[PDB]
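Contents: one structure, followed by commentary.
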Amino acid sequence: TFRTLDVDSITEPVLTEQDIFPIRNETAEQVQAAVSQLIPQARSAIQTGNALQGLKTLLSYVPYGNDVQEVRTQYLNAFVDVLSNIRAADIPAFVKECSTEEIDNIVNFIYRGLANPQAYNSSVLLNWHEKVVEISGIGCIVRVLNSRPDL
Amino acid sequence: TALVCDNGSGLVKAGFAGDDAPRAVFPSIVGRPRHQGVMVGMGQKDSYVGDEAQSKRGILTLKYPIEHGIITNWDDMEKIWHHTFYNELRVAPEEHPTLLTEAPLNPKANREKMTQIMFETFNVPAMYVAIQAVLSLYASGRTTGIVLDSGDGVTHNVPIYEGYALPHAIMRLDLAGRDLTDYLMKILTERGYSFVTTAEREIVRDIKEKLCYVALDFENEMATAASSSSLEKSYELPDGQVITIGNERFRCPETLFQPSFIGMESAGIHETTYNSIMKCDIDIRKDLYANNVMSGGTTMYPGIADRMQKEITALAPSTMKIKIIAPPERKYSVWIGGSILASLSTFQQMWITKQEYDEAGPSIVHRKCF
Amino acid sequence: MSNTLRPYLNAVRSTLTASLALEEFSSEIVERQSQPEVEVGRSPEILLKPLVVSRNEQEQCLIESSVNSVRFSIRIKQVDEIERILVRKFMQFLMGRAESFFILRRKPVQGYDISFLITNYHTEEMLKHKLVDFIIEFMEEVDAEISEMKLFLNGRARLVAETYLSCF
Amino acid sequence: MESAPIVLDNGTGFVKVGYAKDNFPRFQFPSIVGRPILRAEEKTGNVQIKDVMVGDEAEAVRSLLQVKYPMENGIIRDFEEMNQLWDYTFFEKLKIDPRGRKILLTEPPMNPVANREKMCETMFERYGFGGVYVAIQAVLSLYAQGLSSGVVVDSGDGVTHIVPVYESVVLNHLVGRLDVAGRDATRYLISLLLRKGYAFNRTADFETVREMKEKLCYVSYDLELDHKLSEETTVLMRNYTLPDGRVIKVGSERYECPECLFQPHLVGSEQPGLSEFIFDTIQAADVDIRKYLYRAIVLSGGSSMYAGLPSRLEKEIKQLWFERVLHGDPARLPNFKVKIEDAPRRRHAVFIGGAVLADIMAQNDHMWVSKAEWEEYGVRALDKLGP
Amino acid sequence: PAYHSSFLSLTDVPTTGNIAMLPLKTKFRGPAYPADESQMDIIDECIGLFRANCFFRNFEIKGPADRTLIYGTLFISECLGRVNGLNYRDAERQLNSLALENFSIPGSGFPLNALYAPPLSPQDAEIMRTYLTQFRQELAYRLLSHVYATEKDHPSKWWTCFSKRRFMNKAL
Amino acid sequence: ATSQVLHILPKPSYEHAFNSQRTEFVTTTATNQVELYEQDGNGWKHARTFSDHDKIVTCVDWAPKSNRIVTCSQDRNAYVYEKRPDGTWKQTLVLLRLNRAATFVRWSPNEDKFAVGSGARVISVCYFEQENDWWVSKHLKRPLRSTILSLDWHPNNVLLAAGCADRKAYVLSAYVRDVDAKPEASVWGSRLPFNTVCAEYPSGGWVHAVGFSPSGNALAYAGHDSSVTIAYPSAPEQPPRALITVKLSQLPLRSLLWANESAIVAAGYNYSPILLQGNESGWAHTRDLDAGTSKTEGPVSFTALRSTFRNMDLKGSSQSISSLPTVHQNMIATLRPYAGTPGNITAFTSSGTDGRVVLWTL
Ligand SMILES: Nc1ncnc2c1ncn2[C@@H]1O[C@H](COP(=O)(O)OP(=O)(O)OP(=O)(O)O)[C@@H](O)[C@H]1O
Ligand SMILES: Nc1ncnc2c1ncn2[C@@H]1O[C@H](COP(=O)(O)OP(=O)(O)O)[C@@H](O)[C@H]1O
Ligand code: BEF
Ligand SMILES: [Mg+2]
Ligand SMILES: [Mg+2]
């Protein structure tokens, strides 16, 4: 009977996440180029042992958008690989020198690495999570809760 | 809320669980008149109870319905419970659970008739019958110790470790404040003064409660009272005349440490405490020795905690510390502890309920209250 | 227990304490009603992004949050079919008591073992630092509780074996 | 107090009373009468119980009273008890001598004619009012809105009823009763609470579950959502403390109770509920006026106050034009403007409207049925009061 | 439904506070008007109903004849509270002493003071006391003829066991 | 800085207002009642309840010079309360015409009009007419896309800032003719009719709090992303001189207050006020006003005996559950001026979800 027919979806159109967060200006192929030039710098920084300069350069740009999963996943693969190749005693010297903007890019992607354990080693992400929150404070998680959903 | 009704053999102590101290404290007495009731009308009653009897006593045969912590006279014990609920607390007992108490090693039938009268006469909604020397240990803020409770009719020890009682090591002694009152009449008779009647037994109780004290070393106190004025002092009777007393002031309490005075073969309260500690398993004895807990009104004599610590330290090995815990409110600690217990949230699962009594009969108390 | 869960439970404690910033909120789609907006999901601007914290493919937390409500759901270790039965049943006693553990759901979200709903009213009338201490002290102890129950199940499997076999 | 006409909404659950031009009821009280009883309950010297206790005097003291209701479904069941409300209303709430006064009364749209007759007879012959007028309760609620068109639906304690109006003409063939209102939701709340084991079957406990319903209930906006919160979650559970001091937990019974206005089958009635009743009434009006009815549905009366009822009713009419006029085609739904008027005052709209109408006709002495006209024609004097 | 008085159907009976001074068959001194010796006056009604009415727990009062019946139904419970174990020769004297001892009237200590109207004047209190003492002396004397019916030295247990029962959980 | 705990309320206290004599305060319990509290020597006593709302009260305010209280609730009503000569309060229903709950209310600085935020996507600016004895509402509605979480008025009677759940802070004209004098040509504009928009400033999270500088030449606002932003406007249709965002390391701010033209106190889910300082060159968090930032036998009472056994029975063990180190034990819901000249706050107050009402001196 009529009680179950929804009408709100067709007479009161709700907000969309692109009304609440401004849409990305860069086109899909323009970010797919911008990431594909950075991932080789991060892969190279591991192969020359300077993995910490790998993270500093990889973290200089971030891909976001519902149009780019096939390259957000490649950026996350490079980021988790770089986090798995930094020595745990070097972490406090990296984190205290990151800007609050860079920190909010680290902890945003470690919560993407923690969402897919069948492809990423959680043990090193939880170690980065303890050190980044202990050094930079609890508000750095609150800026992830509040962040863009297509990051 | 639930009532806590510690119907002790000398005083009823009653009130509400979670209240600070008992609000209904009165003699566990029923008085009946003994004289020619000549004036017609006059508001006369066939019997009087509690402070109503104690204040009229010059014309009454006062009798306690309860002796050595055992109810002897149920027709008058119902009269005391009826006075407690309807006249002294002014409640309806059919509205509130009662936590009652009794001393350990009582008759089974005492505990049965006391549950039957609560459910069948007072129509109570639920009830429980705690051991008095367990309650006194809640009132101490402890979960291990050895409670020496001593009231008007009974003295007993209950050793507890980590909240487990050691029931093989429970000691009862049928000696307390009423035997010290009867002994004070037997020794007051030697100075010049005769007290005989059930009413005169209250005058000498009111002497015992404020002239007596415990000597720290009786055999040297005895020589000091036999050679100086300083130990003697006096008390003024209802008839205005003065009673002067001396070595009677500490010979009376000394019966607790020397029961041979009233013809009993037993250990005193000090050696009864040690005979209970030495019945316990060897690893717990240190934590009993550091937590002896005094309770009940017979432990109120000035200097009894100093004497008790002296006599136990002589019996115990000198290698280890003895403490006697004796709060100023130890006068009511069994009621105080029942008022803690009846307010603990797990306790509301432990009551005998009306429906459960109706179905199980009065033997339910034997398979629920211990 | 703690030392192997310590990295994980400091991530869950830190996420859940950053997530429990709740408020009173009257609903935008219905008048004169408040509703726990994480649980209804009908107005998107007052939802926060759903975060996963995770040690393993088996052991995970999903944290969902909103202006007046947080939903928290967990998968716990189930490494053999005895732990699947023992966990699945133990959580049905623990959710069957939800009226007295005020923050429990009566049903988990799909594919989770147990689930919690911490609403605004709970963070006003209960100590919210003791709410996360209960969630965390549950996640530490539940593996020890369940492993102990599979010992008592072996203990009874012996009781009946000896009692049957010793009367020939 | 005032020299203008008195006005009296003698409702099934509340009497409301005052004078012409009053902006809100001068007084209101439960339409209850009580007699003294003793009941294995508390007694106190703090109050003295007279042989007949009524209105506020009874409801404040009802632990001591056998409470009874002179009205059900909008009709007086017992006139000896309604006389004890009207005595109280005039002589010790208003404190009036009724001799020669003019009064406006109210009743629902389809009552037995014997009810209006014996109610007017009582006004002329106990109290001796000099003039009487009786208005249909929902047409009064349209004067409160300052309005002249749009279907007005009134839900009280006794009856829910509907009166379509267009351009000040009242469509007497379309007026309707739904015999489900605030009391059937209260008898139903007692019946839901009985499944939890809570018993409220004393006569004095009925006002306690009225206060409980009035405090805690809400109309579900989406039944499969409230059934989700109800079955999956603790979040609906609420503790209510009775005047006894007893606390009772209430949960699905918060939405599942006022749902009987939308689904009368829950209380054993076969009638259609508010949404389907208002739709089958508007959709029975002639083609030219249906727009002006959906553009102005007016809610009224205390049982229209449930939290979510304006939103549930608007949705459930958009949802029902969609099934029964568009056959499920979404292309035209945005063109269907329906509007519910749900003003803050609406519990009292029948009184507030009566107090406006009693000003409009205060001076026109032929408009009222006069006592002098009653005493010559009897019941036929009431034929002045429309079709 | 409990059993109400037959006399609530009677009208223009005298009244004090809002007790009814109902016709009475008696030897005791007081203001109550003589009943027909062949008819059940309120005390034969009150004794007949008491053993049923004290089991109910919900009793609506219709008028001053029920306010009188309730005072009787409460005073029977006081008498059965007194009578346990007495010889009839003692019970007569004990229950007359109970009937005559100083009691609180409605409007003064009285339990049902919520439901009974206080005496209208300083004089109305005396006509109330002299009625209620005559009523309760006769009520005691009449009751004793029932509780000591078959044997004169032991109160019949079929009457004595209502001594724990308590009309609507009230007592004097 | 020093904290003094004025009162402990029995229920959460989302909002309060002290009267201009600071002798009494109104507060919203988390029910349909509003409590009124008065001085009692050094203490405070409960004077009366208002209860005219149907559902939970959401906010309350108390006009300084004209001495009227205004109240909002989830029932969609507002009431204005005004003192009768006999000493009691005259309620008055204001027809807000709102489709959904009223969230947050403020009297304008001249107290001739008051604004009410809503869940209905709108703000009802209400004013009084001596011609009708009505209060009447004008709806600001053009740019607002979601629930309004807080309001603040400019020190001139026209401009209204509003924080909205669509992650933005709006500056709107609330000029209502035949109440206001003409607005002065100023940084926010000069062409200034009702609902003209001076800014739609961005935020990372929901904007909980807003407030203009004492000079009116800057706006500060605070996000659920735990940042405070200070916006320095230039002119209409033009980008701001600066839009300084300072990101805190703490839980979110819920309320905000300019201490003077160069310093701001802020407070919320961090359980403590904080002080920020700066100018159009830059801003930084500079102090926590609570010393709890640093995280700083005898006889035994019967209630300590009973509670140590009830702790063993209900909880794990005898040991007490600890206080937080901060004065507040739960989120601090509102933050209000108390003393000093306007634009040099010397003391402020706060009220919490824990029910503490607290006075802070700088
Ligand atoms: N907020 C509310 N929530 C739920 N029910 C309410 C609310 N406010 C009032 N009611 C109910 O409304 C009824 C009283 O309303 P009203 O005065 O309009 O009825 P009435 O006029 O006396 O009845 P009728 O018109 O049928 O004769 C009661 O059932 C009451 O509980
Ligand atoms: N100050 C006191 N000094 C000595 N004896 C006391 C004192 N106070 C009370 N007592 C005695 O204690 C006894 C009553 O103690 P209580 O603990 O209440 O006994 P019970 O529980 O058996 O009724 C009486 O013998 C009384 O005289
Ligand atoms: F009966 Be008492 F405790 F000696
Ligand atoms: Mg004792
Ligand atoms: Mg009505």
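Simple scheme: letters A, B, ... for chains in structure tokens order, numbers from 1 for residues in each chain, numbers from 1 for ligands in the order shown.
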For residue 92 of chain F: contacts at 12 Å, only C-alpha atoms, fewer than 6 positions along chain excluded, given as an NGL selection string
(:D and (23-24)) or (:F and (50 or 52-53 or 68-71 or 77-83 or 128 or 133-135))
Contacts of residue 55 of chain C at 9 Å or less, counting only C-alpha atoms, minus same-chain residues fewer than 4 places along, as a PyMOL selection string?
(chain A and resi 114+117+121-123+126) or (chain C and resi 5+7-8+59-60)
Within 10 Å of ligand 3, counting only C-alpha atoms and all ligand atoms: which residues, as a ChimeraX atom specification?
/B:6-12,28,66-71,101-103,132-133,149-156,174-178,295-298,334
Shell of 7 Å around residue 167 of chain F, only C-alpha atoms, local chain residues under 5 positions omitted, as a ChimeraX atom specification
/A:20 /F:202-207
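Using only C-alpha atoms, we find that the part of chain B lying within 12 Å of chain E comprises residues 40, 41, 42, 43, 44, 45, 46, 92, 94, 120, 121, 122 and 123 of chain B.
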Residues within 8 Å of segment 231-235 of chain B, only C-alpha atoms, excluding chain neighbours under 6 positions, as a list in words
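The residues that qualify are residues 207, 211, 224, 225, 242, 243, 244, 245, 246 and 247 of chain B.
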Taking only C-alpha atoms into account and nothing else, which residues of chain F lie no more than 12 Å away from chain B? Please answer as a list in words.
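Filtering chain F at 12 Å from chain B with only C-alpha atoms gives residues 298, 299, 300, 301, 302, 303, 304, 305, 306, 307, 308, 309, 310, 311, 312, 313, 314, 315 and 318 of chain F.
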Near-residue 225 of chain F list (6 Å; only C-alpha atoms; drop same-chain fewer than 2 positions) as JSON, numbers by chain
{"A": [142, 143, 146], "F": [204, 205, 223, 227]}
Dump as a PDB file, in the first residue's frame, selection limited to N, CA, C and O atoms:
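Output saved as selection.pdb:
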ATOM      1  N   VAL A 142      40.488  15.001  14.412  1.00  0.00           N
ATOM      2  CA  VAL A 142      39.245  15.747  14.207  1.00  0.00           C
ATOM      3  C   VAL A 142      39.219  16.381  12.822  1.00  0.00           C
ATOM      4  O   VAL A 142      38.183  16.375  12.160  1.00  0.00           O
ATOM      5  N   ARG A 143      40.354  16.866  12.317  1.00  0.00           N
ATOM      6  CA  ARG A 143      40.468  17.330  10.933  1.00  0.00           C
ATOM      7  C   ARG A 143      40.339  16.227   9.900  1.00  0.00           C
ATOM      8  O   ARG A 143      39.864  16.523   8.813  1.00  0.00           O
ATOM      9  N   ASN A 146      36.331  15.530   9.888  1.00  0.00           N
ATOM     10  CA  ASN A 146      35.706  16.640   9.178  1.00  0.00           C
ATOM     11  C   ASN A 146      36.080  16.739   7.701  1.00  0.00           C
ATOM     12  O   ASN A 146      35.401  17.452   6.966  1.00  0.00           O
TER      13      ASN A 146
ATOM     14  N   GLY F 204      36.391  24.363   7.292  1.00  0.00           N
ATOM     15  CA  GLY F 204      36.617  22.927   7.094  1.00  0.00           C
ATOM     16  C   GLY F 204      35.523  22.054   7.704  1.00  0.00           C
ATOM     17  O   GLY F 204      35.185  21.012   7.151  1.00  0.00           O
ATOM     18  N   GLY F 205      34.932  22.488   8.814  1.00  0.00           N
ATOM     19  CA  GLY F 205      33.833  21.803   9.505  1.00  0.00           C
ATOM     20  C   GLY F 205      32.701  22.755   9.876  1.00  0.00           C
ATOM     21  O   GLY F 205      32.820  23.960   9.664  1.00  0.00           O
ATOM     22  N   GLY F 223      35.235  26.405  13.803  1.00  0.00           N
ATOM     23  CA  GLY F 223      34.758  25.204  13.129  1.00  0.00           C
ATOM     24  C   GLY F 223      34.788  23.946  13.988  1.00  0.00           C
ATOM     25  O   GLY F 223      35.661  23.769  14.829  1.00  0.00           O
ATOM     26  N   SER F 227      39.439  24.449  14.290  1.00  0.00           N
ATOM     27  CA  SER F 227      40.130  25.678  13.910  1.00  0.00           C
ATOM     28  C   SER F 227      39.302  26.910  14.244  1.00  0.00           C
ATOM     29  O   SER F 227      38.077  26.861  14.269  1.00  0.00           O
TER      30      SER F 227
END
Using only C-alpha atoms, find each residue in chain A having at least one atom no more than 10 Å away from chain F; report its shortest atom-to-atom pair and that distance in Å (one decimal), rows by chain then rising number, as a tab-separated table.
residue	atom	partner	partner_atom	distance
A:15	CA	F:145	CA	8.3
A:17	CA	F:166	CA	9.9
A:19	CA	F:166	CA	8.1
A:20	CA	F:166	CA	5.6
A:21	CA	F:167	CA	8.1
A:22	CA	F:202	CA	9.6
A:100	CA	F:247	CA	7.7
A:101	CA	F:247	CA	9.5
A:133	CA	F:249	CA	9.4
A:135	CA	F:249	CA	9.9
A:136	CA	F:249	CA	6.6
A:137	CA	F:249	CA	4.9
A:138	CA	F:250	CA	5.8
A:139	CA	F:249	CA	4.5
A:140	CA	F:249	CA	6.6
A:141	CA	F:225	CA	9.2
A:142	CA	F:225	CA	5.8
A:143	CA	F:225	CA	5.0
A:144	CA	F:225	CA	8.3
A:145	CA	F:225	CA	7.9
A:146	CA	F:205	CA	5.5
A:147	CA	F:204	CA	6.9
A:148	CA	F:204	CA	8.6
Using only C-alpha atoms and all ligand atoms, which residues have at least one atom no more than 6 Å from ligand 1? Output them as a ChimeraX atom specification.
/D:11-14,74,156-159,182-183,210,213-214,301-303,305-306,347
Just N, CA and C atoms for this one: save the residues we selected as a PDB file, in the first residue's frame.
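The result, written out as part.pdb:
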ATOM      1  N   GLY D  11     -15.542  20.535  25.528  1.00  0.00           N
ATOM      2  CA  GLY D  11     -14.917  19.403  24.883  1.00  0.00           C
ATOM      3  C   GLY D  11     -15.027  18.114  25.693  1.00  0.00           C
ATOM      4  N   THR D  12     -14.775  16.994  25.030  1.00  0.00           N
ATOM      5  CA  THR D  12     -14.839  15.641  25.574  1.00  0.00           C
ATOM      6  C   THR D  12     -13.753  15.362  26.599  1.00  0.00           C
ATOM      7  N   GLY D  13     -12.616  16.050  26.507  1.00  0.00           N
ATOM      8  CA  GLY D  13     -11.490  15.880  27.417  1.00  0.00           C
ATOM      9  C   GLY D  13     -11.188  17.126  28.222  1.00  0.00           C
ATOM     10  N   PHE D  14     -11.377  18.309  27.643  1.00  0.00           N
ATOM     11  CA  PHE D  14     -11.215  19.575  28.341  1.00  0.00           C
ATOM     12  C   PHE D  14     -12.387  20.497  28.085  1.00  0.00           C
ATOM     13  N   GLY D  74     -17.673  13.064  21.769  1.00  0.00           N
ATOM     14  CA  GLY D  74     -18.317  14.362  21.553  1.00  0.00           C
ATOM     15  C   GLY D  74     -19.801  14.453  21.941  1.00  0.00           C
ATOM     16  N   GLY D 156      -9.764  16.104  18.633  1.00  0.00           N
ATOM     17  CA  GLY D 156      -9.842  16.386  20.058  1.00  0.00           C
ATOM     18  C   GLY D 156      -9.521  15.181  20.930  1.00  0.00           C
ATOM     19  N   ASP D 157     -10.040  15.144  22.146  1.00  0.00           N
ATOM     20  CA  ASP D 157     -10.001  13.962  22.996  1.00  0.00           C
ATOM     21  C   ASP D 157     -11.052  12.949  22.571  1.00  0.00           C
ATOM     22  N   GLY D 158     -12.208  13.385  22.093  1.00  0.00           N
ATOM     23  CA  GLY D 158     -13.330  12.508  21.801  1.00  0.00           C
ATOM     24  C   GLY D 158     -13.429  12.112  20.340  1.00  0.00           C
ATOM     25  N   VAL D 159     -13.360  13.069  19.422  1.00  0.00           N
ATOM     26  CA  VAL D 159     -13.652  12.843  18.004  1.00  0.00           C
ATOM     27  C   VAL D 159     -12.690  13.584  17.089  1.00  0.00           C
ATOM     28  N   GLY D 182      -7.920  11.576  20.582  1.00  0.00           N
ATOM     29  CA  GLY D 182      -6.994  11.540  21.701  1.00  0.00           C
ATOM     30  C   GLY D 182      -7.329  10.545  22.811  1.00  0.00           C
ATOM     31  N   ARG D 183      -8.585  10.134  23.009  1.00  0.00           N
ATOM     32  CA  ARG D 183      -8.967   9.124  24.008  1.00  0.00           C
ATOM     33  C   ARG D 183      -8.742   7.708  23.525  1.00  0.00           C
ATOM     34  N   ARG D 210      -3.026   9.852  30.094  1.00  0.00           N
ATOM     35  CA  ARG D 210      -3.175  11.053  29.268  1.00  0.00           C
ATOM     36  C   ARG D 210      -1.951  11.947  29.402  1.00  0.00           C
ATOM     37  N   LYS D 213       1.057  10.134  27.549  1.00  0.00           N
ATOM     38  CA  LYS D 213       0.884  10.260  26.093  1.00  0.00           C
ATOM     39  C   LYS D 213       1.242  11.661  25.622  1.00  0.00           C
ATOM     40  N   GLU D 214       0.685  12.655  26.288  1.00  0.00           N
ATOM     41  CA  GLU D 214       0.838  14.075  26.004  1.00  0.00           C
ATOM     42  C   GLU D 214       2.299  14.528  26.173  1.00  0.00           C
ATOM     43  N   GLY D 301      -7.201  21.365  17.284  1.00  0.00           N
ATOM     44  CA  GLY D 301      -7.569  20.501  18.402  1.00  0.00           C
ATOM     45  C   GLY D 301      -6.378  19.762  18.989  1.00  0.00           C
ATOM     46  N   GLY D 302      -6.464  19.383  20.257  1.00  0.00           N
ATOM     47  CA  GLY D 302      -5.293  18.948  21.003  1.00  0.00           C
ATOM     48  C   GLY D 302      -4.652  17.699  20.439  1.00  0.00           C
ATOM     49  N   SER D 303      -5.429  16.759  19.931  1.00  0.00           N
ATOM     50  CA  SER D 303      -4.905  15.528  19.356  1.00  0.00           C
ATOM     51  C   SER D 303      -4.210  15.754  18.002  1.00  0.00           C
ATOM     52  N   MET D 305      -1.600  17.747  18.014  1.00  0.00           N
ATOM     53  CA  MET D 305      -0.330  18.270  18.531  1.00  0.00           C
ATOM     54  C   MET D 305       0.840  17.287  18.530  1.00  0.00           C
ATOM     55  N   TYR D 306       0.644  15.988  18.304  1.00  0.00           N
ATOM     56  CA  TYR D 306       1.734  15.008  18.355  1.00  0.00           C
ATOM     57  C   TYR D 306       2.937  15.430  17.512  1.00  0.00           C
ATOM     58  N   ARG D 347      -4.244  23.854  19.380  1.00  0.00           N
ATOM     59  CA  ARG D 347      -5.000  23.108  20.408  1.00  0.00           C
ATOM     60  C   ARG D 347      -6.271  23.855  20.811  1.00  0.00           C
TER      61      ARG D 347
END
Return as JSON, numbers by chain the residues belonging to chain A that are within 12 Å of chain D, counting only C-alpha atoms.
{"A": [1, 2, 3, 4, 5, 6, 7, 8, 9, 10, 11, 12, 13]}
How close does chain F get to chain D? List, as a Markdown table, each residue of chain F within 12 Å, its nearest atom pair and the distance in Å to one decimal, counting only C-alpha atoms.
| residue | atom | partner | partner_atom | distance |
| --- | --- | --- | --- | --- |
| F:31 | CA | D:215 | CA | 11.3 |
| F:32 | CA | D:215 | CA | 10.6 |
| F:52 | CA | D:344 | CA | 11.7 |
| F:53 | CA | D:344 | CA | 10.4 |
| F:54 | CA | D:215 | CA | 8.7 |
| F:55 | CA | D:215 | CA | 8.9 |
| F:56 | CA | D:215 | CA | 11.4 |
| F:74 | CA | D:307 | CA | 10.1 |
| F:75 | CA | D:307 | CA | 8.5 |
| F:76 | CA | D:344 | CA | 8.3 |
| F:77 | CA | D:344 | CA | 7.2 |
| F:78 | CA | D:344 | CA | 10.2 |
| F:79 | CA | D:344 | CA | 11.6 |
| F:92 | CA | D:24 | CA | 11.9 |
| F:93 | CA | D:344 | CA | 8.8 |
| F:94 | CA | D:344 | CA | 9.5 |
| F:95 | CA | D:344 | CA | 7.7 |
| F:96 | CA | D:344 | CA | 9.5 |
| F:97 | CA | D:343 | CA | 8.1 |
| F:98 | CA | D:343 | CA | 9.7 |
| F:99 | CA | D:342 | CA | 9.3 |
| F:100 | CA | D:311 | CA | 9.8 |
| F:101 | CA | D:307 | CA | 11.3 |
Quick one: residues within 7 Å of residue 130 of chain D, only C-alpha atoms, excluding same-chain residues fewer than 4 positions away - as a list in words?
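Those residues are residues 99, 100, 101, 102, 370 and 371 of chain D.
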Contacts of residue 19 of chain E at 7 Å (only C-alpha atoms; same-chain gap of 6+ positions) as a VMD selection string
chain E and resid 64 to 65 67 to 68
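Here atom CA of residue 322 of chain B and atom CA of residue 309 of chain B stand 6.7 Å from one another.
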